[PDB]
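Each remark here refers to the structure printed beneath this line.
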Ligand SMILES: *[C@@H]1O[C@H](CO)[C@@H](O[C@@H]2O[C@H](CO)[C@@H](O[C@@H]3O[C@H](CO[C@H]4O[C@H](CO)[C@@H](O)[C@H](O)[C@@H]4O)[C@@H](O)[C@H](O[C@H]4O[C@H](CO)[C@@H](O)[C@H](O)[C@@H]4O[C@H]4O[C@H](CO)[C@@H](O)[C@H](O)[C@@H]4O)[C@@H]3O)[C@H](O)[C@H]2NC(C)=O)[C@H](O)[C@H]1NC(C)=O
Ligand SMILES: *[C@@H]1O[C@H](CO)[C@@H](O[C@@H]2O[C@H](CO)[C@@H](O)[C@H](O)[C@H]2NC(C)=O)[C@H](O)[C@H]1NC(C)=O
Ligand SMILES: *[C@@H]1O[C@H](CO)[C@@H](O[C@@H]2O[C@H](CO)[C@@H](O)[C@H](O)[C@H]2NC(C)=O)[C@H](O)[C@H]1NC(C)=O
Ligand SMILES: *[C@@H]1O[C@H](CO)[C@@H](O[C@@H]2O[C@H](CO)[C@@H](O)[C@H](O)[C@H]2NC(C)=O)[C@H](O)[C@H]1NC(C)=O
Ligand SMILES: *[C@@H]1O[C@H](CO)[C@@H](O[C@@H]2O[C@H](CO)[C@@H](O)[C@H](O)[C@H]2NC(C)=O)[C@H](O)[C@H]1NC(C)=O
Ligand SMILES: *[C@@H]1O[C@H](CO)[C@@H](O)[C@H](O)[C@H]1NC(C)=O
Ligand SMILES: *[C@@H]1O[C@H](CO)[C@@H](O)[C@H](O)[C@H]1NC(C)=O
Ligand SMILES: *[C@@H]1O[C@H](CO)[C@@H](O)[C@H](O)[C@H]1NC(C)=O
Ligand SMILES: [Ca+2]
Ligand SMILES: [Ca+2]
Ligand SMILES: [Ca+2]
Ligand SMILES: [Ca+2]
Ligand SMILES: [Ca+2]
Ligand SMILES: [Mg+2]
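Chains as they are written, first to last, in the UniProt record's numbering: chain Z, 260 to 269; chain D, 31 to 470, 476; chain F, 114 to 440, 446 to 467.
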């Protein structure tokens with residue numbers, strides 16, 4: 260992921 | 031050794047405005063007069079409904095120290111629709127970076143935000159305004175349609191700027207593509223002619239810009255600082271920029287060819303978190319007509335006598351050679367936590383040996399951490415590694431440290447006595463100081 | 114007087130061009146009262162990890178009963194500075210940074226002190242249980258700033274001077290460096306002082322992160338033995354900063370976070386088995402040459418010290434003091455120990 264919220268996005 | 035510290039001219043701005051955060055010289059040369067350009071990123075302006083927008087001031091030298099803001103923009107925020115502001119010029123930090131070529135003035139607002147057309151956002155794209163004598167034109171390359179944290183939405187364009195010899199602007203945005211950073215260059219003639227106030231995303235045909243890279247390059251901060259000089263021997267200034275968080279925070283400095291933004295040379299730091307690439311400068315210091323690279327690493331930690339690390343800072347002096355390579359010399363700081371290498375201002379030939387000089391600042395060094403500026407002379411061998419002169423900040427600390435030497439500019443003979451002078455900014459106390467080189476015209 | 118570092122006070126005489134020397138003994142004892150503070154990364158990248166903190170209570174206390182006279186626990190959290198470009202400052206995303214992804218995310222904060230060091234493990238378990246996730250945009254997170262605030266705020270966290278202070282910093286990402294803060298317009302150097310008002314770090318939004326030298330200085334000044342618990346590939350980033358941060362350990366959290374207690378116990382064992390000193394030589398014109406006579410017979414350069422030390426076992430530091438010139447005292451302390459040797463130095467010139 261990219262960014263701190265990339266985990267949520269993924 | 032010949033800079034006049036006895037009687038330097040002093041310039042002051044509004045309290046808390048960060049006056050002196052950026053300094054430069056304005057020499058239109060169509061009129062014979064000379065001015066100092068001082069950036070005040072947190073100054074209050076007369077724009078309707080804008081608080082701490084920022085300013086760039088034009089300061090006289092002739093027998094007075096008065097300063098007048100340059101009216102780059104007098105409007106408030108434009109509206110995308112009814113009760114729907116397009117942009118947010120409050121706390122935009124206008125004047126954080128200022129540049130002037132002959133009669134042009136380029137000043138930028140890195141923390142300018144705007145709301146994209148697609149949705150209601152607040153994207154720190156940053157914006158620049160180019161004054162070209164009679165005309166004033168907005169330059170906001172990083173605000174566009176393809177903007178997000180993924181794109182140029184957080185670009186903060188204009189965080190660092192420079193002027194190319196052949197009349198191009200070099201602009202670095204540390205934040206684009208998840209803080210991979212980016213450099214953008216376009217010709218001034220195209221910037222001033224393609225400008226339309228009603229188009230929020232202007233296209234530029236001959237614009238050179240670096241592109242997106244792998245995810246491993248994220249948070250590199252390409253465009254943290256920029257400089258220009260000829261490095262591949264074709265007469266066109268190349269783009270030198272610092273990338274302080276690259277290579278796992280070792281830091282890097284890239285050189286891109288000015289003709290096509292093609293990468294030429296890479297520098298890499300040798301200590302993690304030292305911020306190799308905070309400051310970058312290019313000048314020919316040894317007088318062989320080849321431009322030499324100066325790179326600051328203000329957080330560098332040096333092993334002391336006992337083996338204890340001391341954060342003194344470092345400046346890498348890299349002399350260019352005809353073979354297409356460099357010879358690097360490390361110049362360490364003199365005091366702990368002074369941040370030697372924060373600013374690197376080439377001076378030209380301060381004393382006319384035939385060899386250019388350079389000034390390096392440690393904005394938190396000296397007595398009471400007032401800030402100190404070190405002057406180093408040039409030689410046929412390279413840079414004389416012993417400071418020929420010391421410049422000490424005079425102003426005591428207010429709520430924040432004076433930060434004397436945080437911003438500095440030289441290589442201009444403002445008094446027309448044949449010897450280049452130097453301007454130093456202390457934004458912590460809202461001061462700018464001019465030092466005039468004494469004769470050894 | 115001193116229980117571990119003897120002699121605690123030394124007085125010597127010197128004259129220009131002369132020298133002097135004495136033997137310093139550092140003797141670890143059998144059991145230490147342990148203060149362990151859990152400074153956690155509560156960003157949106159640690160959602161799978163935070164739920165596993167429920168297991169570091171009772172089990173960790175029973176594990177550490179065998180190595181400590183008594184064991185304390187505390188909790189604290191950080192995500193980042195709450196300013197652009199680090200967070201989204203749109204009014205919808207400003208206080209619920211996971212709005213687009215529809216999670217019940219807490220508003221972002223710089224550094225919040227949740228629970229002071231206490232011997233009641235149930236308090237720690239409950240405080241851990243109720244704690245939720247916050248968010249921001251960029252991957253690097255303000256670990257170092259919260260670390261400095263935890264180290265320097267003695268009375269707030271509850272560090273005991275009699276205790277073997279441990280500060281565990283748990284994260285999955287690199288931390289922000291001092292001059293990163295210029296992107297937000299924060300250009301005021303960190304002063305290193307304490308600014309916890311209502312258990313919240315208020316100056317996170319107005320002054321930049323600390324530099325590695327400043328953090329190291331303030332950690333060693335307070336005898337904080339830092340353990341880095343890092344999950345992803347960013348562990349090696351912290352492992353590579355250990356030479357720049359004396360007295361710091363780094364441990365790898367396994368992908369499921371199943372080793373978070375073995376991590377602490379192993380790091381504590383490594384900590385108490387290493388003795389290394391440094392000298393606060395502020396005396397003008399006098400230089401120190403300290404060599405560590407390790408129990409195995411090695412002559413290490415002192416600054417690196419010796420390893421695999423135990424109790425019933427003393428490390429000997431051979432201190433040679435030279436006068437080169439003239440115009446006070448110097449302090450030789452083993453980093454991570456709660457006692458120091460003060461070398462008062464008289465002279466005539
Ligand atoms: C100074 O130091 C800097 C930093 O290290 C260095 O810049 C970096 O240079 C490298 C190489 O020039 C860049 O890396 C990539 O290069 C490939 C080239 O592709 C060929 O080689 C690879 C080798 O693995 C093969 O796999 C491939 O098949 C080719 O043979 C480019 O393709 C890369 O760009 C792609 O990826 C980007 C990010 O995903 C995309 O934005 C881009 O459009 C390209 O997309 C393509 O590839 C994707 C891969 O996932 C694919 O998904 C897409 O669909 C599409 O097919 C990239 O350029 C690296 O980016 C540079 N980084 C920076 C910050 O500049 C300098 O070269 C160095 N200079 C000097 C003088 O030393
Ligand atoms: C610019 O002007 C604004 C007011 O238009 C000033 O705002 C003050 O901000 C401080 C906190 O920073 C508040 O305590 C004051 O109450 C505000 N004043 C008013 C009238 O609202 C701001 O300080 C000014 N900034 C500079 C650099 O001059
Ligand atoms: C340790 O803390 C726990 C709670 O964190 C205390 O247990 C609570 O005690 C109160 C009475 O004082 C009860 O009403 C609660 O139901 C208890 N909760 C739990 C979870 O047990 C406990 O008393 C504390 N121990 C000491 C020695 O202070
Ligand atoms: C350094 O730490 C040791 C270990 O805790 C301290 O020794 C204890 O001191 C307390 C009083 O603070 C006594 O009640 C204990 O009996 C001591 N234990 C042992 C094993 O000696 C020591 O006092 C500390 N010294 C300083 C200067 O902080
Ligand atoms: C501790 O250091 C002192 C020096 O400060 C050592 O004493 C010297 O040892 C050398 C080598 O044996 C002799 O040449 C000198 O004459 C000794 N005296 C001085 C004043 O230098 C001493 O041996 C060291 N002790 C240990 C245990 O290593
Ligand atoms: C970029 O321009 C330089 C200078 O003419 C040239 O040597 C180089 O081959 C060019 N590279 C590309 C990719 O166009
Ligand atoms: C310390 O002593 C060593 C010899 O053991 C010598 O090599 C070194 O130069 C000395 N350093 C100082 C600062 O006295
Ligand atoms: C560590 O020290 C103990 C005690 O002297 C000794 O028994 C053991 O062999 C040592 N271990 C190593 C690896 O040197
Ligand atoms: Ca060129
Ligand atoms: Ca040269
Ligand atoms: Ca010269
Ligand atoms: Ca002059
Ligand atoms: Ca972050
Ligand atoms: Mg995170």
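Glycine included, each C-beta is placed from N, C-alpha and C at the ideal position.
Sheet register partners of residue i (DSSP bridge)
i: residue 159(D); result: 137(D) and 168(D)
i: residue 144(D); result: 117(D) and 153(D)
i: residue 350(D); result: 356(D)
i: residue 259(D); result: 268(D)
i: residue 97(D); result: 89(D)
i: residue 313(D); result: 322(D)
i: residue 391(F); result: 451(F)
i: residue 187(F); result: 150(F)
i: residue 282(D); result: 273(D) and 298(D)
i: residue 105(D); result: For residue 105(D), which the question treats as bridged, DSSP gives no partner whatsoever.
i: residue 376(D); result: 388(D)
i: residue 40(D); result: 463(D)
Any non-hydrogen atom of ligand 8 closer than 8 angstroms to residue i Cβ
i: residue 141(F); result: no
Start and end residues, beta strand (DSSP E) containing residue i
i: residue 361(F); result: 361-365
i: residue 452(F); result: 447-452
i: residue 134(F); result: 132-139
i: residue 406(D); result: 402-406
i: residue 390(D); result: 387-392
i: residue 372(D); result: Here residue 372(D) belongs to no beta strand (DSSP E), and DSSP marks it neither H nor E.
i: residue 462(F); result: 459-465
i: residue 222(F); result: Where residue 222(F) is concerned, there is no enclosing beta strand (DSSP E), given that its DSSP letter is neither H nor E.
Own chain residues within Cβ distance below 7 angstroms of residue i, not counting five before or after
i: residue 165(D); result: 222
i: residue 173(F); result: 374 and 377
i: residue 249(F); result: 156, 192, 193, 199, 200, 210 and 221
Span of the alpha helix (DSSP H), counted from its first residue to its last, around residue i
i: residue 269(F); result: 267-270
i: residue 243(F); result: 234-243
i: residue 468(D); result: Segment: none, residue 468(D) is in no alpha helix (DSSP H) and carries neither H nor E.
i: residue 173(F); result: 171-177
i: residue 349(F); result: 348-352
i: residue 439(D); result: First-last for residue 439(D): 437-442, but that is the beta strand (DSSP E), not the alpha helix (DSSP H).
Residues near residue i by beta carbon distance below 8 angstroms, same chain, minus five either side
i: residue 438(F); result: 129, 397 and 398
i: residue 348(D); result: 297, 322, 323, 324, 325, 356, 357, 358 and 359
i: residue 234(D); result: 171, 216, 220, 221 and 224
i: residue 316(D); result: 322, 349, 385, 408, 409, 410, 411, 412 and 413
Any non-hydrogen atom of ligand 5 closer than 8 angstroms to residue i Cβ
i: residue 412(F); result: yes
Close beta carbons around residue i, own chain, < 6 angstroms, minus the five adjacent residues each side
i: residue 421(D); result: 403
i: residue 139(F); result: 118, 388, 428 and 452
Heavy atom of ligand 12 within 8 angstroms of residue i beta-carbon
i: residue 447(D); result: yes
Proximity test, residue i beta-carbon vs ligand 9 heavy atom, cut-off 8 angstroms
i: residue 262(D); result: yes
i: residue 460(D); result: no
Residue i: CB within 8 angstroms of a non-hydrogen atom of ligand 7
i: residue 404(F); result: yes
Proximity test, residue i beta-carbon vs ligand 10 heavy atom, cut-off 8 angstroms
i: residue 320(D); result: yes
heavy atom of ligand 3 below 8 angstroms from residue i C-beta
i: residue 233(F); result: yes
Distance cut-off 8 angstroms: residue i Cβ against heavy atoms of ligand 1
i: residue 241(D); result: yes
i: residue 296(D); result: yes
Residue i CB to nearest heavy atom of ligand 4 below 8 angstroms
i: residue 144(F); result: yes
i: residue 427(F); result: no
Please list the segments of the beta strand (DSSP E) lying wholly inside the segment 251-333 of chain F, counting only runs of 3 or more residues, in order along the chain. 277-284
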